[PDB]
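Just so it is clear: chains get the letters A, B, ... in the order the sequence lines come, proteins before strands, and each one is counted from 1. Atoms considered below: every heavy atom in the structure, side chains included; atoms not considered: hydrogens, waters and symmetry mates.
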Amino acid sequence: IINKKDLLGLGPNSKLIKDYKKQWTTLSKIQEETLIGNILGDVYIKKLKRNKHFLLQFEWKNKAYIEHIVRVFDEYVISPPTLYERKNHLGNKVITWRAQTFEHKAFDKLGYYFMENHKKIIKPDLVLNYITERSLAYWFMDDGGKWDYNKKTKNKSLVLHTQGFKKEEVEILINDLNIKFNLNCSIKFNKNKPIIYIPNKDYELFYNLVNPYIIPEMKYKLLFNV
DNA sequence: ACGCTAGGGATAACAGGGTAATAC
DNA sequence: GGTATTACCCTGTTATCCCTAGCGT
Ligand SMILES: [K+]
Ligand SMILES: [K+]
Ligand SMILES: [K+]
Ligand SMILES: [K+]
């Protein structure tokens with residue numbers, strides 16, 4: 001009946017760790033739907049030749065946000081989030097927070113579903129069979145944006161930053177999102193790569209779908225003047 | 001003058017892989 | 001006393017979210 005407390009600082013190949021893992025086989029509904037959003041967003045779902053099952057590597061600027069994600073996947077995360085400071089070619093110090101799950105079979109289904117030749121890809125049935133409003137909220141906290149950053153604007157158009165996907169992949173998302181959630185998303189380009197524009201007249205709908213899941217430190221991505 | 005949005009910046013992501021601690 | 005495992009930590013690189021100049025109105 002192994003407590004995770006005890007795994008803290010043990011060498012990777014410790015028996016206690018392998019015995020701890022069998023206390024879990026599949027992601028919860030909540031974890032699965034969260035994680036579908038995060039994969040579309042900011043999470044690395046990682047399996048190289050060296051890895052026996054998928055794990056997650058987490059990296060965010062926002063401290064409250066990474067600590068929230070770690071609580072959702074609490075079981076799978078041994079060590080707390082760690083501040084990392086890097087110098088960049090400009091010579092400026094950059095701060096982020098980092099966390100990792102261990103490898104675990106529970107991550108394999110979504111790992112094989114999303115990753116193909118070490119690229120994230122959009123499966124033709126992703127939207128229909130997997131994306132819920134919980135998934136949409138996480139995708140939005142990760143990769144979400146305003147069309148108009150003027151603080152006093154009346155234009156409440158929003159963006160999902162899908163630059164890393166293929167045009168034809170984003171066209172699938174837009175088509176299936178508009179059928180499943182009755183949105184009027186349309187495609188646009190940012191540095192010649194595809195993004196999802198959510199028009200102003202979808203704002204009340206989108207808000208009412210995702211706002212229930214948005215944590216207090218992420219409401220700003222969604223909030224305009226009334 | 002003002003509302004929108006295409007063009008572009010320095011990160012804030014996303015990645016891939018080295019190091020070193022248990023099991024035999 | 002190699003060899004297999006593998007959590008944590010280190011290094012590469014840039015497409016991101018975010019900002020704003022400038023055009024149509
Ligand atoms: K992404
Ligand atoms: K992001
Ligand atoms: K960035
Ligand atoms: K990026």
Side-chain angles (χ1 to χ4, degrees), chain A residues 4 6-21 38-63 65-66 69-70 75-105 107 111 114-115 117-121 138-167 169-170 186-200 218 220-222 224-225:
Chain A
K4 183 184 76 185
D6 301 325
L7 282 46
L8 179 50
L10 273 54
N13 214 349
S14 310
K15 192 96 161 40
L16 255 163
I17 300 172
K18 313 198 191 208
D19 286 340
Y20 174 79
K21 290 182 188 189
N38 282 133
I39 297 169
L40 286 166
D42 288 332
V43 168
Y44 183 8
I45 183 158
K46 180 194 176 75
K47 181 184 151 27
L48 275 24
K49 306 202 190 153
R50 301 219 189 283
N51 307 287
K52 166 192 200 285
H53 303 288
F54 282 83
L55 71 136
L56 312 178
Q57 304 190 181
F58 305 109
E59 184 159 14
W60 285 286
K61 184 183 187 77
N62 190 125
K63 184 177 190 273
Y65 187 53
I66 193 163
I69 295 298
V70 167
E75 305 83 283
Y76 298 95
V77 186
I78 284 174
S79 299
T82 297
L83 188 140
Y84 275 63
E85 149 188 312
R86 326 255 322 259
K87 198 216 193 91
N88 67 14
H89 70 274
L90 259 40
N92 305 308
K93 295 200 173 153
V94 189
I95 300 278
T96 51
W97 293 81
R98 294 193 177 181
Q100 295 77 26
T101 70
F102 48 63
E103 300 176 11
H104 197 290
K105 183 183 222 68
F107 298 120
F114 273 98
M115 304 293 128
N117 228 335
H118 296 100
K119 294 198 269 64
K120 270 163 193 179
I121 57 85
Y138 284 93
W139 186 15
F140 187 78
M141 296 188 272
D142 285 4
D143 270 27
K146 294 184 181 191
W147 187 238
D148 189 0
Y149 285 89
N150 168 7
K151 313 208 171 47
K152 342 206 200 186
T153 192
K154 299 266 164 165
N155 187 2
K156 300 176 183 214
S157 294
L158 300 169
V159 183
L160 293 161
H161 291 282
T162 52
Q163 284 86 331
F165 293 105
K166 309 289 93 191
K167 186 198 187 196
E169 285 185 316
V170 181
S186 63
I187 196 163
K188 309 267 198 213
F189 296 84
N190 174 244
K191 308 238 185 123
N192 272 80
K193 301 183 153 79
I195 63 177
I196 304 185
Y197 164 89
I198 305 167
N200 177 75
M218 290 304 197
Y220 77 91
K221 291 193 99 171
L222 193 71
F224 301 86
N225 301 311

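Counting non-hydrogen atoms under 4.0 angstrom, A/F102 reaches the backbone sugars and phosphates but no base. Using a 4.0 Å heavy-atom cutoff across all strands shown, A/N92 reaches sugar-phosphate atoms only and no base atom. As judged by a 4.0 angstrom heavy-atom cut-off over every strand, A/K61 is placed among residues touching the sugar-phosphate backbone only. Backbone-only engagement by A/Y220 is indicated by non-hydrogen atom pairs under 4.0 Å involving sugar-phosphate atoms exclusively. Residue contacts for A/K188: at a heavy-atom cut-off of 4.0 Å it reaches no nucleic acid atom on any strand shown. A/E103 comes within contact range of the sugar-phosphate backbone alone, with a heavy-atom separation under 4.0 Å but no base atom that close.
In this structure, the CZ atom of A/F114 is 15 Å from the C1' atom of B/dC14, given to the nearest Å. The CH2 atom of A/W60 sits 12 Å away from the P atom of C/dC17 (whole-angstrom rounding). Atom-to-atom, CG of A/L10 to P of C/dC8 comes out at 10 Å; the value is rounded to the nearest Å. Rounded to whole angstrom, the span from the CD1 atom of A/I198 across to the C1' atom of C/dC17 amounts to 14 Å. Protein atom CD of A/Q163 is 19 Å distant from nucleotide atom P of B/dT11, rounded to whole Å.
Below the 3.5 angstrom threshold, one finds no donor paired with an acceptor across the side chain of A/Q100 and the base of C/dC8. Between the base of B/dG17 and the side chain of A/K46 there is a donor-acceptor pair shorter than 3.5 Å. For A/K191 against B/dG7, a side-chain-to-base donor-acceptor contact under 3.5 Å is absent.
When each of A/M115 and A/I95 is assigned the nucleotide of DNA chain B with its nearest heavy atom, A/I95 is the one assigned upstream, toward the 5' end. Mapping A/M141 and A/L90 onto DNA chain B by nearest heavy atom places A/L90 at the nucleotide closer to the 5' end.
When side chains are defined from C-beta on, A/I198 does not count as touching A/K156, because their heavy atoms never get closer than 4.5 Å. Between A/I195 and A/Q163, the closest side-chain pair of non-hydrogen atoms falls below 4.5 Å. Residues A/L222 and A/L158 are in side-chain contact: their nearest non-hydrogen atoms beyond the backbone lie under 4.5 Å apart.
Aromatic ring orientation, A/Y20 versus A/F102: perpendicular (interplanar angle above 60°, classes split at 30° and 60°). Note: A/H104 and A/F107 have perpendicular aromatic rings, judged against thresholds of 30 and 60 degrees for the angle between ring planes.
Looking only at distances, no side-chain donor or acceptor of A/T96 sits under 3.5 Å from a matching main-chain atom of A/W60. With hydrogens and angles disregarded, no donor-acceptor distance shorter than 3.5 Å links the side chain of A/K46 to the backbone of A/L55.
Qualifying side chain to side chain donor-acceptor pair (under 3.5 Å) partners for A/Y76, counting only residues two or more places apart in sequence or in other chains: none. Looking at residues two or more places apart in sequence or on another chain, you find a side chain to side chain contact (heavy atoms under 4.5 Å, CB included) between A/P199 and A/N184, A/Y197, A/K201, A/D202. Every residue two or more places apart in sequence or in another chain was checked for a salt bridge (charged side-chain N to carboxylate O under 4.0 Å, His left out) with A/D6, and none qualifies.
Residues from residues 145-156 of chain A placing a heavy atom under 4.0 Å of any atom in DNA chain C, listed by number, are A/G145, A/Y149. Near DNA chain C, meaning a heavy atom under 4.0 Å from it, residues 11-19 of chain A has A/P12, A/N13, A/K18 in order of number. For the segment residues 78-86 of chain A, residues with any heavy atom less than 4.0 angstrom from an atom of DNA chain B are, sorted by number, A/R86.
Closest to the side chain of A/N190, out of B/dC14, C/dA15, B/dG7, is B/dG7.
At the phosphate of B/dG16, neither OP1 nor OP2 sits under 4.0 Å from any side-chain N or O atom of A/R50.
A/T153 and A/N155 share no donor-acceptor pair across their side chains, judged by distance under 3.5 Å alone. Side chains of A/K154 and A/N225: a donor-acceptor N/O pair is absent below 3.5 angstrom, by distance only.
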